[PDB]
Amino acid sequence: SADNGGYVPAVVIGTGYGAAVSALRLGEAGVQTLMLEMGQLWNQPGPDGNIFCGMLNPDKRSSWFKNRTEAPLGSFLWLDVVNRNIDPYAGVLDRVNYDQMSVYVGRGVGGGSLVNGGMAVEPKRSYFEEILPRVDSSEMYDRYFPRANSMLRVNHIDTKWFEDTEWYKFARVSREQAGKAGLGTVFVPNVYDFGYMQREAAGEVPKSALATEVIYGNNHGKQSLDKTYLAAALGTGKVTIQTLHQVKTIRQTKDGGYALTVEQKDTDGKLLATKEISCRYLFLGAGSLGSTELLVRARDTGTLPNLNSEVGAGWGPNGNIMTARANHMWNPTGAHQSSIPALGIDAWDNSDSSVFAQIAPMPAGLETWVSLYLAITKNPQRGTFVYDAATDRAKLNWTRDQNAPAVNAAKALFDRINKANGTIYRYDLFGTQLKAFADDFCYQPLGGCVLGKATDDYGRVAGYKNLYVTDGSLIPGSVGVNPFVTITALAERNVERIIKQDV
């Protein structure tokens, strides 16, 4: 089936959060399920004996089909020195470039869980109720958020260790600076094992977070989905995963199942085979970008002609803005910074000035006095994915001026911190032009197939039976916090209902 093309009861496209939840519960329900993942299974030791490259030694494993490595955003001034030309390869992190927006996504078994910062945050209930008023919030907070927390292996940093360790001085500095302006911080739960991280600092186990690894994968410590949901899904005996298989087209068969055209490639991107795979139940977990692209293509090329006009709409970058402050000489942030953030500034009150900002580490490995922040804001602007039949790609029509409300919210917060401390921004971290706020990237794409718009309230695609969307494309552009816990919890809610009523 996977091998030659054929029929499987359920197919799940992708292996990120929505996909992984869906496949686990399908398998536990006894439904034979095939997951199709375009990237690799990341389990083979590489030229350095490690699965993943670090941020100070990027190689082809860092990048999805690019010809040169790139510095982590914010660190070009210190990390461009380590960039090198590379072979285009099926690496783990893909910078997807649209007209006026670059979106970072993971590529591999586990999706973005391979490359993300592990920050596992529940949204504020009042904001959840605002953005998804058709969803029963009691079920979410009483049942599905706790379920997600537990399954994901969320854990909490030890406060005494945090207070003491050199590896979190950067966080304590921003906490103090924040405190001088009346802004409070919060600890951020994580899927990286904080007990492991303590042992890293003590020299007891191989370092990962404490060896400048995160955005190209963690060789140790991080409980990505391959270790949690996907391991459990495989354990059911009802789930298999085929890698380097990219779904290209979706059609409805004449008897109401689904048929897929699927390209199999090698890690150099050479096409090996094109296969037809069919199923009764089809679940899309290809992400905000990937799920939406499949559906706008299907609509506009006539293979799923009854998809509605909301497919493609309602995209936002979770209000993502990156900025940085220059510390006083007397406030060094340290040469040793854990690559996993632990603290944020919660200035989120659901108003338009809301900001939830994580205090981000920097990987340079020498003192720079820079404090870096990733701000999550409340900006009502949305973009639309539009199918381009000429190139066969979904184009995102978002313009940089659409991020002006996000910039304004972030700037008002950090202006308060600067005023209280007599500090200034950095203006040189994102390029040659004076620019203190990076306003054209996204790590947390949300929307394109919005819950209740393009789908019913459980992700059933409008116009079709047994066709489901499971992932960040469901969320209406913003959740006010790092999104994977919400994606996971919503997917738990959705698949349980779908299995009960439809399967």
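Residues carry their position along the shown sequence, with the first being 1.
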Which of the two stretches, 91-99 or 324-332, shows the higher mean Cα temperature factor in the record?
324-332
Quick one: higher average CA temperature factor, 105-113 or 194-202?
194-202
Identify, among 37, 48, 440, 456, the residue whose C-alpha carries the highest B-factor in the deposited PDB entry.
48
Top Cα B factor in the deposited entry, candidates 318, 223, 126, 240:
126
Within this chain's modelled residues, let me know which third the CA B factor of residue 367 belongs to: lowest, middle or highest.
highest
Chain-relative CA temperature factor third for residue 287
lowest
Using the B-factors in the PDB entry, rank residue 360's C-alpha atom against the chain and give the third, lowest, middle or highest.
middle
If you rank every modelled residue in this chain by C-alpha B factor, which third holds residue 30: lowest, middle or highest?
highest
Chain thirds by Cα B factor, record data; residue 477 belongs to the lowest
